[PDB]
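One structure is given below, encoded as structure tokens.
Reminder, nothing fancy here: chain letters follow the sequence lines and each chain counts from 1. Heavy-atom basis, side chains included; hydrogens, waters and symmetry copies ignored.
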Amino acid sequence: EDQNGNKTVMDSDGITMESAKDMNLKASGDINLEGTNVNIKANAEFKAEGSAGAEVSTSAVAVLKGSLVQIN
Amino acid sequence: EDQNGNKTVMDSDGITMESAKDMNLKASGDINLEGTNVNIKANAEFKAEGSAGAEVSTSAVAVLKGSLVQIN
Amino acid sequence: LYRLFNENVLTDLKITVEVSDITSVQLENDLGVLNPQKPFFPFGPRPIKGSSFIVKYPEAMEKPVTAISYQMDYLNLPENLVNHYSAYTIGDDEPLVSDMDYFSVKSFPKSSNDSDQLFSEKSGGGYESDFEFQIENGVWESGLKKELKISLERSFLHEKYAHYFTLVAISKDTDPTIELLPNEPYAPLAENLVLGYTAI
Amino acid sequence: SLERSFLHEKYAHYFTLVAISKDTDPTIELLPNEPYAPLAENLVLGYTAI
Amino acid sequence: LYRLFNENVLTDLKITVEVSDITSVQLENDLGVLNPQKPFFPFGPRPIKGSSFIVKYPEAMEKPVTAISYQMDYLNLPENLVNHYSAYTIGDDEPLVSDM
């Protein structure tokens with residue numbers, strides 16, 4: 001833990017990280033996330049990009065919703 | 001910081017992690033990301049999968065764009 | 001003044017709070033969340049019998065509220081609404097929409113308006129809506145969900161447009177003119193809602 | 001489960017036949033209405049166990 | 001009461017639990033999962049012979065349930081479902097839907 005309110009804890013509930021201001025994860029290679037359930041939330045905006053394409057897929061049901069949905 | 005160029009810093013600007021080669025995040029349980037603005041970028045490809053489905057949603061506007069968009 | 005309150009005993013305190021010009025409310029359809037900033041369809045893009053519109057504001061609903069109300073504007077309304085449906089008739093050419101009473105709603109929290117009509121005449125051109133509600137002893141009724149809900153008694157006839165259009169076009173008795181064809185049914189797209197309340 | 005459908009698959013066929021009849025002049029009363037789909041709400045459950 | 005129960009041996013215990021007005025249920029149809037808080041289509045927005053509707057509630061299903069039931073409302077029902085299909089006839093103009 002630091003003096004600015006940033007904190008990392010490893011315990012019986014897994015690994016928790018909190019930031020006082022922001023968080024930047026970078027790699028020169030690939031970034032791979034895995035888990036049973038992946039939940040991403042934003043209180044303002046969510047964006048995702050790929051210079052060579054992007055894909056969302058599932059074996060069951062894909063869902064796209066909003067008050068307005070635009071495609072190209 | 002290590003001898004191979006990998007580095008983690010906690011300071012007044014939040015938490016920064018950089019990898020010399022790659023980065024692997026894994027869990028036996030769920031992975032939960034939160035923040036005001038979540039920005040994901042790739043210089044080649046972006047993929048996301050779920051064996052029991054996937055969902056993208058928002059209260060305002062959903063956007064899907066590319067030079068070609070294919071659905072099923 | 002400090003000297004006047006040392007031995008005099010306080011017995012009762014009454015607190016009244018009045019709030020106006022609130023635009024930070026939550027709006028819902030049978031299809032989902034609406035975005036209040038932009039023009040939206042109360043009752044859906046294709047309104048049907050039984051469709052609804054719900055207004056929520058937790059800051060008021062958690063208080064012992066005694067009065068609450070809101071207003072809305074419509075965007076591309078026809079110049080006259082009863083005349084708009086003159087081509088939609090049954091039996092011996094009798095109009096489905098006889099008069100403005102056709103367009104009515106039910107208020108589940110029990111509105112105080114004189115009549116149950118949906119559109120009220122705007123002092124300028126076009127139409128607006130107005131709704132006002134009361135709670136006799138500042139006690140919410142049991143069984144209501146602390147939301148303001150209004151539902152449609154009758155549809156706007158979207159389901160009949162194709163049928164009437166066809167019949168005019170294929171008539172062998174008359175030559176179709178533009179005045180004989182049905183106009184497109186109206187879906188009531190709206191914007192700029194404002195709420196107010198009192199609690200004691 | 002449903003024993004019989006609500007006839008969505010027949011609307012186009014009946015609509016067409018009325019419209020092209022050479023025996024009668026079509027009127028609104030002779031055209032088929034759109035088949036119903038049963039939209040519902042307020043589901044309430046109760047159970048007992050011993 | 002404490003004294004009265006010190007020597008009178010207990011032989012049997014019976015427990016009965018009754019619950020009503022449950023709304024947190026999981027609903028499904030052939031296309032997927034329903035939001036029970038909003039008007040929903042039980043057999044889909046458009047129904048076929050053999051389609052279905054399923055109600056699930058694990059809290060009751062894990063118990064020795066002797067009885068269970070549910071209720072639903074319909075919206076937008078035509079004034080008369082039989083008259084609604086009077087234009088749909090076969091053979092010598094005989095209605096497909098003769099009654100409820």
Side-chain angles (χ1 to χ4, degrees), chain A residues 1-8 10 12-72, chain B residues 2 4-72:
Chain A
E1 184 175 4
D2 71 14
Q3 71 185 35
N4 296 304
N6 293 303
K7 189 173 187 182
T8 299
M10 300 189 285
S12 65
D13 290 326
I15 301 173
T16 298
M17 293 180 72
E18 296 181 355
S19 175
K21 184 176 179 180
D22 206 339
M23 184 177 286
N24 295 289
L25 306 178
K26 181 174 180 180
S28 66
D30 294 337
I31 298 173
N32 296 294
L33 305 179
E34 297 184 1
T36 300
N37 291 289
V38 179
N39 293 290
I40 299 169
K41 180 174 181 180
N43 292 325
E45 293 182 349
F46 173 79
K47 297 181 182 175
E49 299 183 1
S51 66
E55 180 177 358
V56 178
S57 66
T58 182
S59 66
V61 180
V63 178
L64 176 62
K65 70 180 189 237
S67 67
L68 177 66
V69 177
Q70 297 182 322
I71 301 171
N72 289 338
Chain B
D2 71 14
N4 296 304
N6 293 303
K7 189 173 187 182
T8 299
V9 179
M10 300 189 285
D11 65 29
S12 65
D13 290 326
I15 302 173
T16 298
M17 293 180 72
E18 296 181 355
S19 175
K21 184 176 179 180
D22 206 339
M23 184 177 286
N24 295 289
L25 306 178
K26 181 175 180 180
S28 66
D30 294 337
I31 298 173
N32 296 294
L33 305 179
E34 297 184 1
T36 300
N37 291 289
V38 179
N39 293 290
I40 299 169
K41 180 174 181 180
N43 292 325
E45 293 182 349
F46 173 79
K47 297 181 182 176
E49 299 183 1
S51 66
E55 180 177 358
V56 178
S57 66
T58 182
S59 66
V61 180
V63 178
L64 176 62
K65 70 180 189 237
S67 67
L68 177 66
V69 177
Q70 297 182 322
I71 300 171
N72 289 338

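Note that CE of B:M23 is 10.0 Å distant from CG of A:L33, once rounded to the nearest 0.5 Å. A distance of 5.0 Å separates CG of A:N32 from CG of B:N24, quoted to the nearest 0.5 Å.
Taking 4.5 Å as the limit, some side-chain heavy atom of A:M17 sits within range of a side-chain heavy atom of B:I15. Residues A:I40 and B:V38 have side chains in contact (heavy-atom distance under 4.5 Å, counting atoms from C-beta outward). Within the 4.5 Å cutoff, side-chain heavy atoms of A:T8 are placed close to those of B:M10.
Ranked by non-hydrogen atom pairs under 4.5 Å with chain A, the options B:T36, B:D30, B:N37 are led by B:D30. Interface summary for chain A: among B:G14, B:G53, B:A52, B:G35, the most heavy-atom pairs under 4.5 angstrom belong to B:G53. Contact count versus chain A (heavy atoms, under 4.5 Å) is highest, among B:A44, B:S57, B:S59, for B:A44. The choice from B:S28, B:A54, B:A27 that makes the most heavy-atom pairs within less than 4.5 Å of chain A is B:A54. Note on A:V61, A:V63, A:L64: by heavy-atom pairs under 4.5 Å with chain B, the leading option is A:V63. The choice from A:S51, A:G29, A:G50 that makes the most heavy-atom pairs within less than 4.5 Å of chain B is A:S51.
When the heavy atoms of residues 65-72 of chain B are compared with those of chain A, the residues falling under 4.5 Å are B:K65, B:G66, B:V69, listed by number.
Judged as a side chain to side chain donor-acceptor pair (under 3.5 Å), the pairs with a partner in residues 9-22 of chain B (not counting sequence neighbours) are, in order, B:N6-B:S19.
With a 4.5 Å cut-off on non-hydrogen atoms, A:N4 touches chain B through its side chain but not through its backbone.
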